Amino acid sequence: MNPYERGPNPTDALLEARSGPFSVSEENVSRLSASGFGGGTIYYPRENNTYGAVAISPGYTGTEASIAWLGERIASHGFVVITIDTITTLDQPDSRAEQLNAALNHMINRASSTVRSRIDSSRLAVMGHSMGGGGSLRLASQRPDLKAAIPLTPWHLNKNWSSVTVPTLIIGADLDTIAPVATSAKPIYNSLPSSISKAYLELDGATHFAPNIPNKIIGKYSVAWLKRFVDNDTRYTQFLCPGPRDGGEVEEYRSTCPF
Ligand SMILES: [Li+]
């Protein structure tokens, strides 16, 4: 029925494990190869299928090492993911929006034949930490063709992204003092309309930098959002709707369920 389904039927434990069910290979992107971004590493499933593609940007002063684990973990579930370095570590969100677009075009048009052939270039997503998260919002606003956006503890000058129609998962951190959710992630979340697919997930006991180490909640619901909207995979609806309990790693969850 759904031609884009990949991998076995999902369970909690499957989505929580450090690695998903697809075995993955890497392709190095040199800075000299990258036009308009700082290079990075492409993780892809070795199995010969087509998959959506995802570009992930780090945040201010951040390197790709800060987001590496999340690239390989998402890839291990059935996606082609590039984690990038940016042109300079001090680039601001709109510049990162540009580099995320550059990262997507590198994967689709510039990567080796082994990577390009595994990509359905009509199904793309962006993700970002902090200023990279504002990059994801800005490019999503500019590229309503994208199928998903996951800003992690995001910050952008502007908190009004009501013009975005891409299905967007905002992840915030309750102890975040650098992009406090009160002024950034939650104003960003509430700016998106009820008419689009969206959700807000606030980590419990979590600082701005919780996305930069392996985190089973971020891994689980990132994959779940990408499955539902990059792959149209309704097997994953049940993880997002009504979505995670509190009381235990999840402090708060809002959504426009049902999807
Ligand atoms: Li908390």
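These values consider heavy atoms only, across backbone and side chains, with no hydrogens, waters or symmetry-generated copies. Quick note: residue numbers are just sequence positions, from 1.
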Under 4.5 Å between side-chain heavy atoms, counting indirect links through other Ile/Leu/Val/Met/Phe/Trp/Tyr residues: same cluster for [X] and [Y] or not?
X	Y	result
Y43	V223	no
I84	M107	yes
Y44	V126	yes
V54	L152	yes
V166	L100	yes

Discussion item. Between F37 and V29, is the side-chain contact (heavy atoms from CB on, under 4.5 Å) condition met? List the steps.
Written reply: CA-CA 10 Å; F37 66 104; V29 175; 4.0 Å; yes
Quick one: are [X] and [Y] in side-chain contact, heavy atoms under 4.5 Å?
X	Y	value
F259	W225	yes
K186	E202	yes
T61	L90	yes
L201	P244	yes
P211	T153	yes
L146	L104	yes
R18	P214	yes
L124	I108	yes

Worksheet item: Quick one: do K147 and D231 make a salt bridge, cutoff under 4.0 Å?
Response: no
Determine yes or no for a side-chain-to-main-chain donor-acceptor pair under 3.5 angstrom, with [X] supplying the side chain and [Y] the backbone.
X	Y	result
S136	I150	no
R245	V250	no
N2	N232	yes
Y253	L240	yes
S25	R46	no
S130	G132	no
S191	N160	no

Which atom of [X] lies closest to which atom of [Y], heavy atoms considered:
X	Y	result
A173	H208	CB-N, 4.4 Å
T83	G71	CG2-CA, 3.7 Å
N215	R73	O-NH1, 4.1 Å
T114	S117	O-OG, 3.6 Å
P144	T165	CB-OG1, 3.6 Å
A125	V230	CB-CG2, 3.7 Å

Atom [atom1] of [X] and atom [atom2] of [Y]: how far apart are they, to the nearest 0.5 Å?
X	Y	atom1	atom2	result
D91	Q99	CG	CD	5.0 Å
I171	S222	CD1	OG	4.5 Å
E98	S57	CD	OG	12.0 Å
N190	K159	CG	NZ	13.0 Å
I56	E64	CD1	CD	10.0 Å
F239	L15	CZ	CG	4.5 Å

Item to complete: Fit a plane to each ring of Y189 and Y200, take the angle between them on a 0 to 90° scale, and name the class: parallel (under 30°), tilted (30 to 60°) or perpendicular (over 60°).
Response: tilted
[X] atom [atom1]: more than 12 heavy-atom contacts under 6.0 Å:
X	atom1	result
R116	CZ	yes
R235	CZ	yes
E16	CD	yes

Worksheet item: Which pairs, with at least one residue in residues 195-259 and sequence neighbours excluded, count as a disulfide bond (SG atoms under 2.5 Å apart)?
Response: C241-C257
Discussion item. Set out, in order, the CA-CA distance, both residues' side-chain angles and the distance that settles side-chain contact (heavy atoms from CB on, under 4.5 Å) for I218 and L203, then state yes or no.
Written reply: CA-CA 8 Å; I218 287 164; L203 306 167; 3.6 Å; yes
Worksheet item: Out of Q142, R143, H106, which residue meets the side chain to side chain contact (heavy atoms under 4.5 Å, CB included) rule with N101?
Response: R143
Fill in: Pairing residues for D204 by the side-chain contact (heavy atoms from CB on, under 4.5 Å) criterion, not counting sequence neighbours
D174, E251
Fill in: Any residue meeting side-chain contact (heavy atoms from CB on, under 4.5 Å) with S141, in chain and number order, not counting sequence neighbours
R138, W161, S163, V164
Item to complete: Using the ring of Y4 (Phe, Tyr or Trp, six-membered ring only), decide whether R123 places NZ or CZ under 6.0 Å from its centre and within 45 degrees of its axis.
Response: yes
Discussion item. Check for me whether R6 meets the cation-pi criterion with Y51, that is, NZ or CZ under 6.0 Å from the six-membered ring centre and within 45 degrees of the ring axis.
Written reply: yes
Discussion item. If you apply the rule side-chain contact (heavy atoms from CB on, under 4.5 Å), what do you find for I82 with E27, and how did you get there?
Written reply: CA-CA 9 Å; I82 184 170; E27 181 165 305; over 6 Å; no
Discussion item. What verdict does the side-chain hydrogen bond (donor to acceptor under 3.5 Å, both in side chains) test give for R118 and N49, after you've listed the backbone C-alpha separation in whole Å, the side-chain angles of each residue and the deciding distance to 0.1 Å?
Written reply: CA-CA 6 Å; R118 278 158 171 82; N49 231 322; over 6 Å; no
Worksheet item: Stepwise, does the side-chain contact (heavy atoms from CB on, under 4.5 Å) test hold for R96 with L139?
Response: CA-CA 9 Å; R96 292 172 195 263; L139 183 63; over 6 Å; no
